[PDB]
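S.K.: take a look and give me a structure for this.
(9 chains)
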Amino acid sequence: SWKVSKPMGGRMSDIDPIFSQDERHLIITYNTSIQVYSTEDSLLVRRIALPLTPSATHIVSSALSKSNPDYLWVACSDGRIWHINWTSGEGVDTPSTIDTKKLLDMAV
Amino acid sequence: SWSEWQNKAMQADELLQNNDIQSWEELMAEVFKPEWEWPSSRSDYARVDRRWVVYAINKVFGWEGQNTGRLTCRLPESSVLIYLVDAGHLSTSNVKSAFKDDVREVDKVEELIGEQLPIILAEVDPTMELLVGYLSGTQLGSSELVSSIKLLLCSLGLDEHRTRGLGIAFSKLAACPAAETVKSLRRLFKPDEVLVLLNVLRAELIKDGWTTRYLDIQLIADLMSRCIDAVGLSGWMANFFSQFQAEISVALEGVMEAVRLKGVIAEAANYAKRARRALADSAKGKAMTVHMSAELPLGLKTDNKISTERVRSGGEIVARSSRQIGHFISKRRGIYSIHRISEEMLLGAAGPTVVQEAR
Amino acid sequence: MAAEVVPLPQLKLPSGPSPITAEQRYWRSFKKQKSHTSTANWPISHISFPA
Amino acid sequence: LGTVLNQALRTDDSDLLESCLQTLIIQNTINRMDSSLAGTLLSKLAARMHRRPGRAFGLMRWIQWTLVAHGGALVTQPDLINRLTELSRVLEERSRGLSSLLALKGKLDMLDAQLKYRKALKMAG
Amino acid sequence: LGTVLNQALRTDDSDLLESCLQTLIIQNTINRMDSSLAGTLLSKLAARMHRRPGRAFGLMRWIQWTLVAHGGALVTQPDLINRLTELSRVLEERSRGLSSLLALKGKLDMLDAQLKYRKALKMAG
Amino acid sequence: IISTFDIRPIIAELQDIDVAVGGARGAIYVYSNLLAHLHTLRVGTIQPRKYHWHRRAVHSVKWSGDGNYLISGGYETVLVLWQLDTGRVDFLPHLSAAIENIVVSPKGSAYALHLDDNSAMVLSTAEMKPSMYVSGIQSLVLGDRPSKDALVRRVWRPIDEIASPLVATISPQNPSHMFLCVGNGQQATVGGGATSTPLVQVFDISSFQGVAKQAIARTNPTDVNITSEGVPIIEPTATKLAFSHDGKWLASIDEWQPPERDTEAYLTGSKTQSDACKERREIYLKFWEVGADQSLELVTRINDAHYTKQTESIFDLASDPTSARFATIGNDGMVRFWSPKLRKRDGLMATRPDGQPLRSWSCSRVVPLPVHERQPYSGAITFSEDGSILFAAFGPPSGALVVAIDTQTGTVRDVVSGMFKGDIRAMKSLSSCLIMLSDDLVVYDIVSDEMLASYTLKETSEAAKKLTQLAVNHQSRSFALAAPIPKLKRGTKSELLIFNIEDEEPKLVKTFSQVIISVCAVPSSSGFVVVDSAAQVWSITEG
Amino acid sequence: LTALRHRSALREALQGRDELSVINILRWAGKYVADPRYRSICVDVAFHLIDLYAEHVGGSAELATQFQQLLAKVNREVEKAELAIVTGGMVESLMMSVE
Amino acid sequence: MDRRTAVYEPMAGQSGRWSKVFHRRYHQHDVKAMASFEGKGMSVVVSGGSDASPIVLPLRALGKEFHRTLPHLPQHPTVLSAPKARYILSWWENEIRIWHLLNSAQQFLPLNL
RNA sequence: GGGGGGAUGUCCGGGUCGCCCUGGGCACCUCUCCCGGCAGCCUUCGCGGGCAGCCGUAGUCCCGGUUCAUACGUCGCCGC
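M.R.: Numbers count the residues shown, from 1 in each chain, chains lettered A, B, ... in the order given. Below, you will see the structure:
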């Protein structure tokens, strides 16, 4: 009878909120979410939800791919790395593990 | 699981129509968890359930509907009744839940039941140990407590079990708020019964020692003030009130004297404790400022030992260097002091003897 | 969003059960008093002004 | 009266302290008292005040004036500090109902002045 | 002073009211005061006691004798209990702060006792 | 102790790097040239340039663009700019919360700040206004990365904890908005040993953005955040906040007592520092008129709402669903009904400068409650769904009791005792039955005088026992409680129970990976809205 | 002074003074304990002044009057506070008899 | 005059650009004079102020070695006593102050000190 | 702080009278484990756990006996 909606909102993680190329979008990575806002009107253009599930695994880092823009690299505390692309959502359901003990940081 | 209790209640109805009280009493003993031996604690009773409590009061007590009823003992000789008294289930909400049918038209129901019930317990037992146990066991409103004080003053005003409950009901009726105490006392008391009670409270005040001097409280002042406002001018309108206010002014001067002595004696005791600490450390040789003579200093200030920790910017805590401890000790010396070094110090064992000028 | 520097707000202390009202201060604000005596200390019969 | 108070306390007498208790000379008495002997005076005044609630119009001047001139000698006796810190604990317990007992003094100052009012009105009518 | 107090409380004067308040006399005044101006007197006493804290003794004396003299005279009124309510409010504010003020009174009584002891020493020296 | 660092490259080769290490003691050490110092066994003497302005740990340090300026930000809510060509320093001083993260744009123009109160502002340089503002839910979070100034053992070490549930109401007349109590930042809220949440924000539920924010208790954003000793100041917490039936009033309670370290000179006899801080409490009861633009305005403030010899704690307030009336239960015992009257002293009304009259709230009714002292009492109240009866649970330990009070007359309609095992946590009134929780959870019908469902909850710690709470729906007759699964810490789980009014089976049993801090009921429709610790919001609906 | 109680700095505000300004703050505390609208803040300031500066009271005679003159007005403000709770009982008696 | 001593080294890269490496308050009053020396394995800078204490800072190892506060009291003791008469004695600008002590130390083992 | 011991100094019955002891009063050094805090190093995502721990007091070669504070946008006069 009762149903539960998928979680929205989120707490902004301490990973740096990255600017897009040509400074028009801002990519803010929450816990369990990464969403792109526009700089001009301050309305969000996409919300890429991220399944986190193992009690405390957190999004460890996130950065634009320096080879090609409009990609990301999002990495958890356990071994998991996503290569999603903002303005779309291709890459959420296909992560790649890394065989760590616990992933403390990553930089691209 | 309502149907199981309904079948058990119908079986107890069959036992009632059989009029066999013994197996009914054993079934209530099994439920509450004849011989009927007791545990010796008003608190340590096992938890029972509300429907069996309601059925117990429904079978024991009774009501008369003539536009106003009367609780009566259908079972005036019952271990079930003394267990209800000792376990404190005889509350007005409990008996109203037991009698929702017959009382739903009745008004002033709390006043009627609170007037009727301690009278019923007192006519059950003339020794009123069951009334004192009810006073000590049940959640009691102000009507029940003023009727209980009426009962104990009917009994008095082998020979201490009544005065214990007389002490209990004063504490409970001091805990109650002013409005219900005044209205129930004005209802159920006569203006000479209140004078009897005010002589009992004077016996609790003067014999306790307040008017008495030394070389030769909050729970009784509430009762005295609530009785005085509950009678008012309609009851009285002699020298009794002048001697009354004389002894209350005497007790007030005693309490104010106790306030002054409380402040002075507490401050002198705290200074003596901290000065004992500082003198023990100065006898060890940590060389603090202590007062020498036997009068109190002007500022009741003792020098504490220097703490091992320091508060750095912005708020952090680090260890004190012994260098900085030595700097603060150099501040803590005076302008003249005799600092005797012993041969045991030069051997490396003991400490010095410092006698400094009194600042 | 640098918050603007606000000074310390004065305390709105509670007032007793007879405060000086707006109309009491409005009729106290008829401030400047000039008392012109009549000739030969005659009692004043009537003052008037046109509409 | 300086030398009667010295002998009455060393023997832990019960009667001879009371002979000096009822009778500015009181202040000049205890400024010359021996200080370890002065703590013996505080031990019995705290003994009678702790056992029963009461009052004493003369002892308020007595206890305070000894705790100033001879309170600095309280460091030498560890027994008396604990007796005074349980004494000032129970003197708080009398102090809790000062507000409720002052309201009782108000009603008696009300009713006694109203009972005298009707009695004067019967002689006035 | 009964008719003067009647005039002041009936026409809402300040000069007559203050010149009769600044001054036996008080008992005769409240006994010869009219019954209907008693609530007006209560409100005009609560106002002065709030506005000025240094006049509390005489104003509590006036309120005390008014509540003695005209008690049922305020009950036969009874839709005007709000004047007694404002009076209760003013007296509750006056009796605010008592436990901390008693603690500070003891903290100062120790200093006054030590200063008087050193004056008693310095006069004899 | 290194809190952060930013490296800038000195250049299509890589000639050198310049490292700015922001340490946990407050300083920023600039190591000017590194590859030419460690390129060359033996090295020359390297010595960083120290830039010390922040008292606490510096949260973020970045070089700015061309490399002239070194921008930085710490706990002191100030974006600082080291000029670095001169010796000077210029700063944007009074933000909302701690500057938790900064970035610089690809061009030199924009900065982007992640402020600690769940926010991001893209600022433009030397206009210095936020050209882009994004706000979140700002509630209390159990953080993953713990803290940047919990590294060096301060006076009060910042602990990731939730001590009390979040104070939040969904507002009728606009059910998409949610009023909820927040502090300046998350770290500035939890710092000081107590929740200091002297603000509310209105948060859109249908599109999850923080719409607006306002102060309720006294706050000083433009003053220094930290005392001279090093403890962060605490601000008055808004404990009880509940909203009126109309959509036009709001009543809040905020408490503040001085800290325990501060007294030290009020102790006279048996008074400990906790007793002195409890004596010196300040409990204001403020009535707010909510405008059409979600702007709150004061109408009255009551300084002592429940008073005896000292001030008394106020345990709950409730709004009558049929009128504009707020009931408040105190520690003196009495329940007070406050109602709005017009300001009128002697027939001459006082009006606002536009012309409308000034309303003011005042105590319409006082009801003394009966006590039953068998040989620290807490309270709970709720109206009916109809009005006309207010249920008031009064709460000494195990013996506690509910009183059903009429509203039109002040008389007691009923009293029910013996229904509480421990201390009362809360009580709500669905259509006929009282749903109340202590150590037990009981649905108790008063039209039948009969308890339907009774549960003995599992024994847990005192923090979890404080963090259990419920909420009723009042449209579809269903209630919902919330309890963390058994001192609190980061990895805890919680499970909420959806019950109907009539049966004993839980109609939805769902556990959550983080502890939920608040449950609320949408007033227009059925269902609930729940707010988690790792602060995400999600809605539950039937159908 | 309320802002200096709320920001934890009243001890810091009072701890650096000299003799004449201690006499000035004592004179303000004595003059303004009388109003019960700030009796709490005024008594707290007097607490901190007693805890800080009660050691020089024999050193300077003029401060020894100002500590005695503040006890003199604190002694008259328990009598005002006891007479207002005496009189508050009589008002409480009358509102009971109206019922 | 803010009793502050600041140390500057040139910024790496551009020439003629200095910047403050670090500052510290070594003195207790203003720093009115200082002079440097660098030779025979000793690079110091001596700063004298208004608190009479010359403070020696290491120059080439600054931030690597502790400083040193030389004594403000003169090297000659300037305190002389006649022990048979128990007179202690000290002199400055044009006065000689002589104290007599009148008693032993064994006698005192505080109102008499 | 307690539980306890080895040792310092002491009076009252004292003892063949000496080493001191038992009975009472005791203040200190040292040892011992529990009390409150602080750090390291392994384990686990965390929660917690494990290992060998230091501090609860006193004076230093010199010396952290330091480092640390919250902007601009505009001023003046009078009125409600």
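
S.K.: looks like residue F:257 contacts residue F:282 (just checking).
M.R.: Yes: at 7.2 Å, residue F:257 and residue F:282 qualify as touching, with contact defined as CB atoms under 8 Å. C-betas here are computed from N, CA, C, even on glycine.

S.K.: part of a helix, is residue F:22?
M.R.: No: Residue F:22: not assigned to a helix; according to DSSP: H, G, I helix; E, B strand; the rest coil it is strand.

S.K.: now do the helices in chain D.
M.R.: D:4-10, D:16-21, D:25-30, D:35-51, D:59-69, D:78-95, D:98-124 (DSSP state H).

S.K.: highest average neighbour count across these?
M.R.: For these, the largest average neighbour count (mean count of other CB atoms under 10 Å in any protein chain shown) is found in helix D:59-69, namely a mean of 20.

S.K.: run the chain-centre distance for that helix.
M.R.: 9 Å (CA atoms, centre = their mean, to the nearest Å).

S.K.: and stretch F:451-468, end to end?
M.R.: End-to-end distance for stretch F:451-468, by CA to CA, to the nearest Å: 21 Å.

S.K.: stretch B:75-82: which residues count as buried?
M.R.: B:75, B:78, B:80, B:81, B:82 (16 or more other CB atoms under 10 Å in any protein chain shown).

S.K.: and chain H, which of its residues are near chain A?
M.R.: Within chain H, no position is adjacent to chain A by CB under 8 Å from any CB of the partner chain.

S.K.: name the residue closest to the centre of the chain, please.
M.R.: With no chain named, the answer covers chain A. Geometric centre of chain A, nearest residue: residue A:34, 3.8 Å, by CA atoms, centre = their mean.

S.K.: oops, I was thinking of chain G
M.R.: residue G:43 (3.6 Å).

S.K.: about what we covered before: out of the buried residues of stretch B:75-82, list just those in helices.
M.R.: B:80, B:81, B:82.

S.K.: hmm, the first one is touching residue B:56, no?
M.R.: Yes: counting by CB under 8 Å, residue B:80 sits close enough to residue B:56 to count as a contact (6.0 Å).

S.K.: overlap in contacts of those two?
M.R.: Applying CB atoms under 8 Å, 6 or more residues apart in numbering or on different chains, one finds that residue B:80 and residue B:56 are jointly contacted by residue B:28.

S.K.: now do the same contact list for the residue of chain A found nearest chain G.
M.R.: Chain G sits closest to residue A:14 of chain A, with a gap of 29.2 Å, by CB to the nearest CB. Going by CB under 8 Å, 6+ apart, residue A:14 touches F:100, F:101, F:114, F:145.

S.K.: quick one, what contacts the third one?
M.R.: The reference is to residue F:114. Contacts of residue F:114 (CB under 8 Å, 6+ apart): A:12, A:14, A:16, A:17, A:28, F:100, F:101, F:102, F:120.

S.K.: and for it, nearest residue in space, chain neighbours not counted?
M.R.: residue F:101 (3.8 Å; CB to CB, 6 or more residues apart in numbering or on different chains).

S.K.: where does that neighbour sit: helix, strand or coil?
M.R.: Applying three-state DSSP: residue F:101 is strand.

S.K.: is stretch F:310-330 in proximity to chain E?
M.R.: Yes: interface with chain E: stretch F:310-330 contributes residue F:310 (CB under 8 Å from any CB).

S.K.: and that stretch, end to end?
M.R.: Stretch F:310-330: ends 12 Å apart by CA to CA.

S.K.: in it, which residues are buried?
M.R.: Per 16+ other CB under 10 Å, stretch F:310-330 contains these buried residues: F:310-321, F:323-330.

S.K.: and the closest residue to RNA strand I within chain C, how many neighbours?
M.R.: Nearest residue of chain C to RNA strand I (CB to the nearest atom of the strand) works out as residue C:2 at 3.3 Å. By the criterion of other CB atoms under 10 Å in any protein chain shown, residue C:2 has 19 neighbours.

S.K.: now the angle from the lengthiest helix in chain G to helix E:98-124?
M.R.: Criterion DSSP H: the longest helix present in chain G is helix G:61-98. Going by axes from the mean of the first three to the mean of the last three CA atoms, to 10 degrees, helix G:61-98 is angled at 140 degrees with respect to helix E:98-124.

S.K.: check whether helix G:61-98 contacts chain C.
M.R.: No: counting by CB under 8 Å from any CB, no contacts exist between helix G:61-98 and chain C, the nearest distance being 13.8 Å.

S.K.: off-centre distance for that helix?
M.R.: That offset, for helix G:61-98, works out to 12 Å (CA atoms, centre = their mean).

S.K.: got the buried residues for it?
M.R.: Neighbour-count burial for helix G:61-98 [16+ other CB under 10 Å]: G:63-64, G:66-67, G:70-71, G:74, G:77-78, G:80-97.

S.K.: what's the local residue count around the residue lying closest to residue C:21 once chain neighbours are set aside?
M.R.: Of all residues not flanking residue C:21 in the chain, residue F:345 sits nearest, at 6.0 Å (CB to CB, 6+ apart). When neighbours are counted by other CB under 10 Å, residue F:345 registers 12.

S.K.: quick one, phi/psi of residue F:345?
M.R.: The phi/psi pair for residue F:345 (degrees, to the nearest 10) reads phi -90, psi -60.

S.K.: separation between it and chain B?
M.R.: Distance, residue F:345 to chain B, using CB to the nearest CB, to the nearest Å: 31 Å.

S.K.: state the distance from that residue to residue E:41.
M.R.: 20 Å (CB to CB, to the nearest Å).

S.K.: what about the residue nearest to the centre of chain A, helix or strand, and which?
M.R.: Element membership for residue A:34, per DSSP states H and E: strand A:33-38.

S.K.: that strand pairs with which strands, and in what direction?
M.R.: strand A:25-29 (antiparallel), strand A:44-49 (antiparallel) (DSSP bridges).

S.K.: picking that back up, ok, the closest residue in space to the residue nearest to the centre of chain A that isn't next to it in sequence - contacts?
M.R.: Using CB to CB, 6+ apart and skipping the chain neighbours, the partner closest in space to residue A:34 is residue A:48 (4.8 Å). By CB under 8 Å, 6+ apart, residue A:48 lies in contact with A:33, A:34, A:35, A:36, A:84, A:86, A:89, A:92.

S.K.: by neighbour count, which of these wins?
M.R.: residue A:34 (26 neighbours).

S.K.: am I right that it is in contact with residue A:84?
M.R.: Yes: at 7.1 Å, residue A:34 and residue A:84 qualify as touching, with contact defined as CB under 8 Å.

S.K.: so what sits against both of these two?
M.R.: A:48, A:72, A:74.

S.K.: how about the last one, what does it touch?
M.R.: Put plainly, it is residue A:74. Here residue A:74 is in contact with A:29, A:34, A:50, A:59, A:61, A:62, A:81, A:82, A:84 (CB under 8 Å, 6+ apart).

S.K.: could you dump those to TSV with distance to RNA strand I and secondary structure?
M.R.: Shown next, in TSV, are the contacts of residue A:74 (distance: CB to the nearest atom of the strand, whole Å; DSSP: H, G, I helix; E, B strand; the rest coil):
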residue	distance to RNA strand I	secondary structure
A:29	18	strand
A:34	20	strand
A:50	17	coil
A:59	13	strand
A:61	15	strand
A:62	18	strand
A:81	16	strand
A:82	18	strand
A:84	23	coil
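
S.K.: residue H:52: which of those residues is nearest?
M.R.: The closest of those to residue H:52 turns out to be residue A:61 (CB to CB; 57.5 Å).

S.K.: bridging residues for that closest one?
M.R.: residue A:75.

S.K.: ok, now how distant is residue H:32 from chain G?
M.R.: Taking CB to the nearest CB, one finds residue H:32 at 27 Å from chain G.

S.K.: pretty sure that residue contacts residue H:50?
M.R.: Yes: with contacts counted by CB under 8 Å, residue H:32 reaches residue H:50, the gap being 6.2 Å.

S.K.: so residue B:243, which of the three states?
M.R.: helix.
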